[PDB]
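K.L.:
Questions regarding the structure given below will be posed in turn.
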Amino acid sequence: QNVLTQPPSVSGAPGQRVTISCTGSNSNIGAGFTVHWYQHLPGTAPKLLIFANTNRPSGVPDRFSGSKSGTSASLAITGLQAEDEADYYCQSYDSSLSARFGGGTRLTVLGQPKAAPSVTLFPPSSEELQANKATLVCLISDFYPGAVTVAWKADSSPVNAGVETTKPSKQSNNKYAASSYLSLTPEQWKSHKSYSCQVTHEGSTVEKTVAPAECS
Amino acid sequence: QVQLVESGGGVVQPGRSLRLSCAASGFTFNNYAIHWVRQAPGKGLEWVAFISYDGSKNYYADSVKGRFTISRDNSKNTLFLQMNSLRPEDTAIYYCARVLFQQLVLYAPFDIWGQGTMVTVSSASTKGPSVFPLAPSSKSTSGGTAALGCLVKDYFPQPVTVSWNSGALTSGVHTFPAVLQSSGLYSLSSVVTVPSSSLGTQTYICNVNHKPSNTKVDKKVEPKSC
């Protein structure tokens with residue numbers, strides 16, 4: 001038994017060329033077992049790209065090619081296109097006849113301008129409060145790249161418990177969205193002067209705040 | 001047309017059993033080996049099992065050995081994956097895939113794949129959601145426009161569907177992906193952006209539908225006045 005390592009992620013800009021390696025060992029690749037490549041976007045089934053190290057099925061474009069040497073294999077893609085953004089997996093076997101997949105490499109295609117997130121914070125509603133509970137909702141959207149840090153504060157202290165935050169996911173417009181929820185008792189809610197959701201993105205930090213009927 | 005279609009996934013409690021199926025059409029099934037592959041949440045593809053063209057042979061990943069059984073019926077174009085003693089760690093979308101070459105060829109690639117079927121192993125129980133209004137305010141008002149929404153709380157399992165004004169309002173709406181609480185239940189929020197100069201003159205109601213528990217909720221959202 002053994003494994004196949006793949007770099008978790010790779011990038012390149014459109015029209016350029018990138019390479020994705022698959023590193024195995026004397027027990028799979030090194031022993032003669034062949035390597036196949038699949039391309040994958042989760043809302044779809046995988047697609048066979050290359051088989052038996054360097055073979056390409058018909059239907060599969062020119063731009064994709066494979067090579068192999070010693071205990072490693074590699075996949076090259078030229079003329080990067082948007083549509084090439086996806087996960088790519090190498091796959092081989094071992095002396096059991098168990099197929100073995102590598103961890104996957106997600107490829108990112110450069111070229112999209114940075115985008116600052118719009119952040120929206122909502123306090124608990126009376127209704128939920130009447131039901132003896134309180135949920136604060138921090139909504140974060142339209143940002144790129146897909147990386148963001150979320151932080152909460154009661155007055156000036158950092159709150160850690162009762163927080164649930166989604167990893168971000170790409171929307172149809174190519175930008176990301178994420179959410180963070182803070183679960184509190186109605187006693188804490190009324191016990192502090194304000195709560196804040198702070199979001200950091202690429203050097204930018206925006207912070208929104210809410211307070212219990214601080215009406216006036 | 002060649003095609004593989006898996007069936008039988010759904011929600012289950014740990015320790016129970018579930019049998020999935022994969023039916024072929026468009027080609028001579030008895031001439032090919034078939035495999036099952038799965039992909040857990042946030043994880044990569046993982047090979048599960050395989051069975052030879054004539055069923056005389058089979059094999060399994062170490063992670064299912066002893067719990068899963070593969071089998072096929074060469075009189076009906078169907079293959080089966082019997083899963084017993086399911087664990088939360090078996091949660092995944094499962095795919096069946098055919099190899100490229102007929103009969104006993106080895107190391108052949110996976111050329112045709114079905115669309116997969118989802119299996120969720122949880123202890124949670126089916127629960128419709130609680131729905132609360134997220135009222136608009138100066139606190140998030142007049143950017144010229146205002147933001148208001150519906151918070152859809154504690155439900156299981158996915159998915160939920162939200163619409164506003166019964167389909168009539170479709171622009172400005174943004175439904176966020178659900179969060180999985182540690183409690184095993186999900187929560188999500190749907191927001192809409194609207195002209196802040198007509199609030200109160202216009203009515204907004206979010207329509208929430210949770211198929212799994214046969215619960216629909218309508219909730220009007222209104223600007224308070226604290």
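Convention: chains lettered A, B, ... in structure tokens order; per-chain residue numbering from 1; ligands numbered from 1 as shown.
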Mind running chain A against chain B at 8 Å and telling me each contacting residue's nearest atom pair with the distance in Å (one decimal), counting only C-alpha atoms, chain and number ascending, as a tab-separated table?
P.N.:
residue	atom	partner	partner_atom	distance
A:33	CA	B:107	CA	7.6
A:34	CA	B:107	CA	7.1
A:36	CA	B:109	CA	6.5
A:44	CA	B:115	CA	6.5
A:45	CA	B:115	CA	5.3
A:46	CA	B:113	CA	6.9
A:47	CA	B:111	CA	7.2
A:48	CA	B:111	CA	5.7
A:51	CA	B:109	CA	6.4
A:52	CA	B:109	CA	7.9
A:92	CA	B:107	CA	8.0
A:93	CA	B:107	CA	7.3
A:97	CA	B:59	CA	7.8
A:98	CA	B:61	CA	6.8
A:99	CA	B:47	CA	6.2
A:100	CA	B:47	CA	6.5
A:101	CA	B:46	CA	6.3
A:102	CA	B:44	CA	7.9
A:103	CA	B:44	CA	5.5
A:104	CA	B:44	CA	6.0
A:120	CA	B:140	CA	7.1
A:121	CA	B:140	CA	7.8
A:122	CA	B:134	CA	6.6
A:123	CA	B:134	CA	7.9
A:124	CA	B:134	CA	7.8
A:125	CA	B:134	CA	6.5
A:127	CA	B:132	CA	6.8
A:128	CA	B:132	CA	6.8
A:164	CA	B:181	CA	6.5
A:165	CA	B:179	CA	6.9
A:166	CA	B:179	CA	5.6
A:169	CA	B:177	CA	8.0
A:177	CA	B:176	CA	7.3
A:178	CA	B:176	CA	7.5
A:179	CA	B:176	CA	7.5
A:210	CA	B:139	CA	7.6
A:213	CA	B:226	CA	6.6
A:215	CA	B:226	CA	6.2
K.L.:
When you look at stretch 7-13 of chain B with a cut-off of 6 Å (counting only C-alpha atoms), what residues show up, excluding the ones that are within fewer than 5 positions of it in the same chain? I need them as a list in words.
P.N.:
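The residues that qualify are residues 20, 21, 117, 118, 119, 120, 121, 122 and 123 of chain B.
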K.L.:
Can you list, as an mmCIF file with N, CA and C atoms, in the first residue's frame, every residue of stretch 33-205 of chain B that DSSP puts in strand (DSSP E)?
P.N.:
data_model
loop_
_atom_site.group_PDB
_atom_site.id
_atom_site.type_symbol
_atom_site.label_atom_id
_atom_site.label_comp_id
_atom_site.auth_asym_id
_atom_site.auth_seq_id
_atom_site.Cartn_x
_atom_site.Cartn_y
_atom_site.Cartn_z
ATOM 1 N N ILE B 34 -17.255 -2.698 -12.868
ATOM 2 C CA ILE B 34 -17.815 -1.424 -12.351
ATOM 3 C C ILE B 34 -17.243 -1.172 -10.991
ATOM 4 N N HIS B 35 -17.079 0.113 -10.655
ATOM 5 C CA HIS B 35 -16.537 0.468 -9.375
ATOM 6 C C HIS B 35 -17.434 1.515 -8.733
ATOM 7 N N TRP B 36 -17.253 1.618 -7.427
ATOM 8 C CA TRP B 36 -17.905 2.655 -6.635
ATOM 9 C C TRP B 36 -16.768 3.521 -6.083
ATOM 10 N N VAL B 37 -17.053 4.801 -6.086
ATOM 11 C CA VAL B 37 -16.124 5.823 -5.599
ATOM 12 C C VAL B 37 -16.958 6.764 -4.759
ATOM 13 N N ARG B 38 -16.357 7.390 -3.775
ATOM 14 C CA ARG B 38 -17.112 8.351 -2.962
ATOM 15 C C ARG B 38 -16.263 9.572 -2.644
ATOM 16 N N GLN B 39 -17.009 10.634 -2.303
ATOM 17 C CA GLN B 39 -16.392 11.879 -1.929
ATOM 18 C C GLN B 39 -17.136 12.521 -0.727
ATOM 19 N N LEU B 45 -11.713 12.517 -3.759
ATOM 20 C CA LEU B 45 -12.300 11.272 -4.257
ATOM 21 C C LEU B 45 -11.600 10.135 -3.555
ATOM 22 N N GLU B 46 -12.385 9.125 -3.189
ATOM 23 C CA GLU B 46 -11.846 7.967 -2.529
ATOM 24 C C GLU B 46 -12.421 6.679 -3.147
ATOM 25 N N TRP B 47 -11.565 5.790 -3.598
ATOM 26 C CA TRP B 47 -12.037 4.538 -4.207
ATOM 27 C C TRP B 47 -12.631 3.620 -3.134
ATOM 28 N N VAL B 48 -13.806 3.037 -3.441
ATOM 29 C CA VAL B 48 -14.486 2.170 -2.442
ATOM 30 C C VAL B 48 -14.471 0.651 -2.705
ATOM 31 N N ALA B 49 -14.931 0.283 -3.870
ATOM 32 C CA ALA B 49 -14.933 -1.123 -4.276
ATOM 33 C C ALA B 49 -15.107 -1.333 -5.751
ATOM 34 N N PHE B 50 -14.921 -2.631 -6.120
ATOM 35 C CA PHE B 50 -15.127 -2.977 -7.484
ATOM 36 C C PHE B 50 -15.510 -4.407 -7.630
ATOM 37 N N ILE B 51 -16.163 -4.657 -8.735
ATOM 38 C CA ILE B 51 -16.561 -6.036 -9.044
ATOM 39 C C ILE B 51 -16.295 -6.390 -10.509
ATOM 40 N N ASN B 58 -14.012 -9.502 -6.753
ATOM 41 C CA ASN B 58 -14.265 -8.208 -6.115
ATOM 42 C C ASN B 58 -13.299 -7.782 -5.074
ATOM 43 N N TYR B 59 -13.366 -6.531 -4.746
ATOM 44 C CA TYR B 59 -12.372 -6.013 -3.838
ATOM 45 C C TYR B 59 -12.829 -4.717 -3.245
ATOM 46 N N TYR B 60 -12.240 -4.445 -2.080
ATOM 47 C CA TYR B 60 -12.623 -3.300 -1.273
ATOM 48 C C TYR B 60 -11.553 -2.404 -0.678
ATOM 49 N N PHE B 68 -19.109 -3.333 3.951
ATOM 50 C CA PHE B 68 -19.757 -3.103 2.630
ATOM 51 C C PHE B 68 -19.619 -4.366 1.796
ATOM 52 N N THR B 69 -20.651 -4.595 0.951
ATOM 53 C CA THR B 69 -20.647 -5.796 0.079
ATOM 54 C C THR B 69 -21.082 -5.438 -1.335
ATOM 55 N N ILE B 70 -20.293 -5.785 -2.302
ATOM 56 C CA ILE B 70 -20.672 -5.432 -3.628
ATOM 57 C C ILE B 70 -21.261 -6.612 -4.369
ATOM 58 N N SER B 71 -22.197 -6.356 -5.278
ATOM 59 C CA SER B 71 -22.782 -7.485 -5.984
ATOM 60 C C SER B 71 -23.465 -7.051 -7.242
ATOM 61 N N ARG B 72 -23.648 -7.948 -8.239
ATOM 62 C CA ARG B 72 -24.349 -7.420 -9.443
ATOM 63 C C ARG B 72 -25.325 -8.414 -9.998
ATOM 64 N N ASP B 73 -26.296 -7.971 -10.732
ATOM 65 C CA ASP B 73 -27.182 -8.952 -11.253
ATOM 66 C C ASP B 73 -27.107 -8.914 -12.752
ATOM 67 N N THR B 78 -27.968 -4.233 -13.362
ATOM 68 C CA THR B 78 -27.862 -3.471 -12.167
ATOM 69 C C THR B 78 -26.796 -3.944 -11.220
ATOM 70 N N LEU B 79 -26.128 -2.982 -10.619
ATOM 71 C CA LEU B 79 -25.214 -3.273 -9.567
ATOM 72 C C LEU B 79 -25.640 -2.653 -8.235
ATOM 73 N N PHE B 80 -25.153 -3.292 -7.174
ATOM 74 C CA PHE B 80 -25.567 -2.952 -5.826
ATOM 75 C C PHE B 80 -24.427 -2.774 -4.864
ATOM 76 N N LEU B 81 -24.628 -1.868 -3.899
ATOM 77 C CA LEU B 81 -23.644 -1.671 -2.808
ATOM 78 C C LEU B 81 -24.428 -1.765 -1.502
ATOM 79 N N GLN B 82 -24.256 -2.855 -0.772
ATOM 80 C CA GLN B 82 -24.938 -3.055 0.480
ATOM 81 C C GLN B 82 -24.094 -2.477 1.593
ATOM 82 N N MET B 83 -24.595 -1.427 2.276
ATOM 83 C CA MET B 83 -23.762 -0.848 3.328
ATOM 84 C C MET B 83 -24.283 -1.153 4.723
ATOM 85 N N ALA B 92 -21.193 10.792 2.435
ATOM 86 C CA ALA B 92 -20.586 11.155 1.155
ATOM 87 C C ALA B 92 -21.503 11.038 -0.020
ATOM 88 N N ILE B 93 -21.075 11.607 -1.152
ATOM 89 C CA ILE B 93 -21.856 11.425 -2.389
ATOM 90 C C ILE B 93 -21.197 10.170 -2.978
ATOM 91 N N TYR B 94 -21.961 9.151 -3.433
ATOM 92 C CA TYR B 94 -21.315 7.897 -3.936
ATOM 93 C C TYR B 94 -21.480 7.773 -5.399
ATOM 94 N N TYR B 95 -20.404 7.472 -6.184
ATOM 95 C CA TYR B 95 -20.662 7.356 -7.629
ATOM 96 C C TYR B 95 -20.354 5.969 -8.127
ATOM 97 N N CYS B 96 -21.028 5.491 -9.191
ATOM 98 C CA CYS B 96 -20.559 4.221 -9.784
ATOM 99 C C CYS B 96 -19.937 4.639 -11.088
ATOM 100 N N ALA B 97 -18.899 3.971 -11.474
ATOM 101 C CA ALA B 97 -18.212 4.300 -12.705
ATOM 102 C C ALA B 97 -17.775 2.949 -13.384
ATOM 103 N N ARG B 98 -17.940 2.913 -14.694
ATOM 104 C CA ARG B 98 -17.587 1.801 -15.615
ATOM 105 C C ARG B 98 -16.140 1.849 -16.115
ATOM 106 N N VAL B 99 -15.461 0.738 -16.387
ATOM 107 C CA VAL B 99 -14.108 1.005 -16.923
ATOM 108 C C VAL B 99 -14.183 1.157 -18.455
ATOM 109 N N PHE B 110 -11.536 4.941 -15.639
ATOM 110 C CA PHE B 110 -12.982 5.078 -15.414
ATOM 111 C C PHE B 110 -13.495 6.058 -16.407
ATOM 112 N N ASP B 111 -14.152 5.646 -17.484
ATOM 113 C CA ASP B 111 -14.585 6.624 -18.469
ATOM 114 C C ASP B 111 -15.968 7.183 -18.313
ATOM 115 N N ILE B 112 -16.925 6.370 -17.917
ATOM 116 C CA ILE B 112 -18.298 6.790 -17.753
ATOM 117 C C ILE B 112 -18.594 6.748 -16.262
ATOM 118 N N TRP B 113 -19.221 7.804 -15.720
ATOM 119 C CA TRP B 113 -19.555 7.924 -14.292
ATOM 120 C C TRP B 113 -20.992 8.340 -14.144
ATOM 121 N N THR B 117 -25.068 9.669 -5.839
ATOM 122 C CA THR B 117 -26.194 9.762 -4.890
ATOM 123 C C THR B 117 -25.629 10.035 -3.490
ATOM 124 N N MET B 118 -26.310 10.937 -2.803
ATOM 125 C CA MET B 118 -25.889 11.361 -1.480
ATOM 126 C C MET B 118 -26.351 10.518 -0.327
ATOM 127 N N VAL B 119 -25.420 10.174 0.559
ATOM 128 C CA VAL B 119 -25.705 9.400 1.776
ATOM 129 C C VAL B 119 -25.242 10.202 2.999
ATOM 130 N N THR B 120 -26.165 10.518 3.935
ATOM 131 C CA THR B 120 -25.846 11.272 5.171
ATOM 132 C C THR B 120 -26.122 10.428 6.383
ATOM 133 N N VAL B 121 -25.132 10.197 7.157
ATOM 134 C CA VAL B 121 -25.302 9.386 8.335
ATOM 135 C C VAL B 121 -25.314 10.334 9.523
ATOM 136 N N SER B 130 -37.538 26.989 12.330
ATOM 137 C CA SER B 130 -38.202 28.119 12.952
ATOM 138 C C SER B 130 -37.786 29.301 12.090
ATOM 139 N N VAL B 131 -38.685 30.211 11.820
ATOM 140 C CA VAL B 131 -38.386 31.313 10.964
ATOM 141 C C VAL B 131 -38.631 32.652 11.564
ATOM 142 N N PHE B 132 -37.607 33.486 11.544
ATOM 143 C CA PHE B 132 -37.758 34.836 12.123
ATOM 144 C C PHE B 132 -37.424 35.966 11.144
ATOM 145 N N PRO B 133 -38.115 37.109 11.288
ATOM 146 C CA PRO B 133 -37.883 38.227 10.453
ATOM 147 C C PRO B 133 -36.632 38.946 10.841
ATOM 148 N N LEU B 134 -35.976 39.519 9.856
ATOM 149 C CA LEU B 134 -34.770 40.281 10.093
ATOM 150 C C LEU B 134 -35.169 41.610 9.569
ATOM 151 N N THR B 145 -31.080 52.250 -0.594
ATOM 152 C CA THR B 145 -31.762 51.002 -0.491
ATOM 153 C C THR B 145 -31.588 50.433 0.881
ATOM 154 N N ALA B 146 -32.494 49.489 1.230
ATOM 155 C CA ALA B 146 -32.468 48.820 2.528
ATOM 156 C C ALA B 146 -32.463 47.313 2.414
ATOM 157 N N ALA B 147 -31.890 46.702 3.455
ATOM 158 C CA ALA B 147 -31.727 45.245 3.585
ATOM 159 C C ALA B 147 -32.591 44.604 4.662
ATOM 160 N N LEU B 148 -33.421 43.670 4.254
ATOM 161 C CA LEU B 148 -34.243 42.987 5.197
ATOM 162 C C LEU B 148 -34.256 41.495 4.862
ATOM 163 N N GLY B 149 -34.598 40.610 5.773
ATOM 164 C CA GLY B 149 -34.527 39.219 5.416
ATOM 165 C C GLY B 149 -35.290 38.321 6.344
ATOM 166 N N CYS B 150 -35.048 37.008 6.208
ATOM 167 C CA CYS B 150 -35.692 35.982 7.016
ATOM 168 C C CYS B 150 -34.616 35.096 7.485
ATOM 169 N N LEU B 151 -34.589 34.785 8.739
ATOM 170 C CA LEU B 151 -33.593 33.898 9.240
ATOM 171 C C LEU B 151 -34.286 32.512 9.401
ATOM 172 N N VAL B 152 -33.742 31.424 8.830
ATOM 173 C CA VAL B 152 -34.362 30.085 8.850
ATOM 174 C C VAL B 152 -33.588 29.209 9.758
ATOM 175 N N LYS B 153 -34.122 28.990 10.966
ATOM 176 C CA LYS B 153 -33.386 28.317 12.001
ATOM 177 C C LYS B 153 -33.733 26.911 12.357
ATOM 178 N N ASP B 154 -32.676 26.275 12.729
ATOM 179 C CA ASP B 154 -32.612 24.928 13.206
ATOM 180 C C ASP B 154 -33.491 23.953 12.488
ATOM 181 N N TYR B 155 -33.032 23.473 11.315
ATOM 182 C CA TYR B 155 -33.768 22.483 10.588
ATOM 183 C C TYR B 155 -32.862 21.338 10.195
ATOM 184 N N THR B 161 -36.029 25.773 0.675
ATOM 185 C CA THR B 161 -36.205 26.633 -0.473
ATOM 186 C C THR B 161 -36.806 27.944 -0.030
ATOM 187 N N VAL B 162 -36.255 29.072 -0.437
ATOM 188 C CA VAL B 162 -36.878 30.316 -0.062
ATOM 189 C C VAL B 162 -37.267 31.089 -1.278
ATOM 190 N N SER B 163 -38.420 31.715 -1.219
ATOM 191 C CA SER B 163 -38.875 32.582 -2.306
ATOM 192 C C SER B 163 -39.460 33.827 -1.615
ATOM 193 N N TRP B 164 -39.702 34.922 -2.307
ATOM 194 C CA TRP B 164 -40.250 36.133 -1.631
ATOM 195 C C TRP B 164 -41.499 36.583 -2.337
ATOM 196 N N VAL B 173 -32.542 39.637 -4.251
ATOM 197 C CA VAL B 173 -32.563 38.526 -3.310
ATOM 198 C C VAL B 173 -31.258 37.800 -3.313
ATOM 199 N N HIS B 174 -30.784 37.439 -2.151
ATOM 200 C CA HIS B 174 -29.585 36.680 -2.035
ATOM 201 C C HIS B 174 -29.803 35.729 -0.870
ATOM 202 N N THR B 175 -29.859 34.387 -1.153
ATOM 203 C CA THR B 175 -30.023 33.301 -0.197
ATOM 204 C C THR B 175 -28.700 32.676 0.090
ATOM 205 N N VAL B 179 -25.421 26.937 7.327
ATOM 206 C CA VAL B 179 -24.305 26.621 8.248
ATOM 207 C C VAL B 179 -24.725 25.365 9.031
ATOM 208 N N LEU B 180 -23.770 24.484 9.294
ATOM 209 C CA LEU B 180 -24.081 23.290 10.039
ATOM 210 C C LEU B 180 -23.652 23.478 11.474
ATOM 211 N N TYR B 186 -29.106 22.708 10.783
ATOM 212 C CA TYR B 186 -28.655 23.742 9.912
ATOM 213 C C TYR B 186 -29.431 25.009 10.143
ATOM 214 N N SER B 187 -28.851 26.094 9.671
ATOM 215 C CA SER B 187 -29.483 27.418 9.711
ATOM 216 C C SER B 187 -29.038 28.162 8.505
ATOM 217 N N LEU B 188 -29.920 29.002 7.984
ATOM 218 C CA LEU B 188 -29.599 29.809 6.828
ATOM 219 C C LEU B 188 -30.371 31.087 6.906
ATOM 220 N N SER B 189 -29.982 32.043 6.053
ATOM 221 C CA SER B 189 -30.576 33.391 5.940
ATOM 222 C C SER B 189 -30.802 33.823 4.494
ATOM 223 N N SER B 190 -31.919 34.498 4.241
ATOM 224 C CA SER B 190 -32.177 34.970 2.905
ATOM 225 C C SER B 190 -32.374 36.462 3.035
ATOM 226 N N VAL B 191 -31.690 37.278 2.226
ATOM 227 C CA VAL B 191 -31.855 38.725 2.342
ATOM 228 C C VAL B 191 -32.275 39.295 1.032
ATOM 229 N N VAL B 192 -32.855 40.475 1.088
ATOM 230 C CA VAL B 192 -33.295 41.190 -0.097
ATOM 231 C C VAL B 192 -32.930 42.654 0.052
ATOM 232 N N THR B 193 -32.655 43.344 -1.059
ATOM 233 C CA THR B 193 -32.280 44.766 -0.969
ATOM 234 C C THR B 193 -33.349 45.584 -1.603
ATOM 235 N N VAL B 194 -33.841 46.615 -0.903
ATOM 236 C CA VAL B 194 -34.960 47.358 -1.450
ATOM 237 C C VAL B 194 -34.890 48.843 -1.185
ATOM 238 N N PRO B 195 -35.620 49.603 -2.007
ATOM 239 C CA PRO B 195 -35.725 51.055 -1.916
ATOM 240 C C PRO B 195 -36.196 51.397 -0.545
ATOM 241 N N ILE B 205 -42.814 39.361 2.276
ATOM 242 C CA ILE B 205 -43.094 38.072 2.918
ATOM 243 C C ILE B 205 -42.165 37.058 2.274
#
K.L.:
Compile the contact shell of residue A:83 as an mmCIF file with N, CA and C atoms, in the first residue's frame: residues with an atom at most 9 Å away, counting only C-alpha atoms, same-chain residues fewer than 3 positions apart removed.
P.N.:
data_model
loop_
_atom_site.group_PDB
_atom_site.id
_atom_site.type_symbol
_atom_site.label_atom_id
_atom_site.label_comp_id
_atom_site.auth_asym_id
_atom_site.auth_seq_id
_atom_site.Cartn_x
_atom_site.Cartn_y
_atom_site.Cartn_z
ATOM 1 N N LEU A 80 -4.244 28.471 -20.482
ATOM 2 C CA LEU A 80 -5.288 28.511 -19.429
ATOM 3 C C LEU A 80 -6.498 29.359 -19.730
ATOM 4 N N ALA A 86 -10.924 24.055 -11.662
ATOM 5 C CA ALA A 86 -11.639 22.865 -11.167
ATOM 6 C C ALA A 86 -10.700 22.073 -10.354
ATOM 7 N N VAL A 109 -7.526 30.164 -11.617
ATOM 8 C CA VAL A 109 -7.136 30.957 -12.763
ATOM 9 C C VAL A 109 -7.071 32.432 -12.415
#
K.L.:
Have a look at atom CA of residue A:108 and atom CA of residue A:9 and let me know their distance in Å, one decimal.
P.N.:
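Value for the atom CA of residue A:108-atom CA of residue A:9 distance: 7.5 Å.
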K.L.:
Just checking: using only C-alpha atoms, which residue out of B:17, B:209, B:158, B:126 ends up closest to residue B:84?
P.N.:
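Distance minimum relative to residue B:84 lands on B:17.
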K.L.:
From the list A:64, A:152, A:144, A:195, which residue is nearest residue A:77 when using only C-alpha atoms?
P.N.:
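Of A:64, A:152, A:144, A:195, the one nearest residue A:77, counting only C-alpha atoms, is A:64.
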K.L.:
What does the structure give for the distance between atom CA of residue B:2 and atom CA of residue B:26, in Å to one decimal?
P.N.:
4.3 Å
K.L.:
For a test of reading the model, state the distance in Å between atom CA of residue A:6 and atom CA of residue A:111, rounded to one decimal.
P.N.:
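So the answer is 23.9 Å.
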K.L.:
Taking only C-alpha atoms into account, name the residue in B:30, B:25, B:74, B:141 that is nearest to residue B:4.
P.N.:
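Ranking B:30, B:25, B:74, B:141 by distance to residue B:4, first place goes to B:25.
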K.L.:
Please extract the residues of stretch 9-198 of chain A with a backbone DSSP assignment of helix (DSSP H, G or I) and present them as a PyMOL selection string.
P.N.:
chain A and resi 29-31+82-84+126-130+186-191
K.L.:
The selected residues should be written to file as a CSV table (one decimal), in the first residue's frame (atoms: C-alpha atoms).
P.N.:
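Printed below is again-v4.csv as written:
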chain,number,residue,atom,x,y,z
A,29,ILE,CA,4.1,4.5,-10.2
A,30,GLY,CA,7.5,3.2,-9.7
A,31,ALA,CA,6.4,-0.3,-10.2
A,82,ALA,CA,-11.6,30.2,-17.1
A,83,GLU,CA,-13.4,27.1,-17.6
A,84,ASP,CA,-10.4,25.2,-16.5
A,126,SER,CA,-38.3,40.4,19.2
A,127,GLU,CA,-39.9,37.1,18.2
A,128,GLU,CA,-36.9,35.1,18.9
A,129,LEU,CA,-36.3,37.1,22.0
A,130,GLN,CA,-39.8,36.3,23.1
A,186,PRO,CA,-31.3,37.2,26.1
A,187,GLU,CA,-29.6,38.1,29.4
A,188,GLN,CA,-26.3,38.7,27.7
A,189,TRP,CA,-27.9,40.5,24.9
A,190,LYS,CA,-29.3,43.1,27.2
A,191,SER,CA,-26.3,43.1,29.5
K.L.:
Ranking A:54, A:180, A:132, A:21 by minimum distance to residue A:89 and counting only C-alpha atoms, which one comes first?
P.N.:
A:21
K.L.:
Please list as number ranges by chain every residue within 12 Å of residue A:32, counting only C-alpha atoms and excluding residues in the same chain fewer than 3 positions away.
P.N.:
A: 24-29, 35, 52-53, 68-73, 92-95; B: 107
K.L.:
Write to file, as a CSV table (one decimal), in the first residue's frame, the residues of the selection just made, with C-alpha atoms.
P.N.:
chain,number,residue,atom,x,y,z
A,24,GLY,CA,4.1,8.3,-5.8
A,25,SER,CA,6.5,5.7,-4.8
A,26,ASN,CA,8.4,2.5,-5.7
A,27,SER,CA,5.1,0.8,-5.0
A,28,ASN,CA,2.7,2.3,-7.4
A,29,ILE,CA,4.1,4.5,-10.2
A,35,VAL,CA,-1.6,6.9,-14.1
A,52,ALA,CA,-2.2,5.3,-19.2
A,53,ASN,CA,0.3,8.2,-18.6
A,68,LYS,CA,5.7,10.3,-16.3
A,69,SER,CA,9.2,9.6,-15.0
A,70,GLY,CA,10.6,7.5,-12.3
A,71,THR,CA,8.0,7.7,-9.4
A,72,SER,CA,6.3,10.8,-10.4
A,73,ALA,CA,3.8,11.8,-13.0
A,92,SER,CA,-3.1,4.8,-9.9
A,93,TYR,CA,-3.0,1.3,-8.3
A,94,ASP,CA,-1.1,-1.0,-6.2
A,95,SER,CA,-0.3,-4.6,-5.8
B,107,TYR,CA,-5.7,-1.0,-14.7
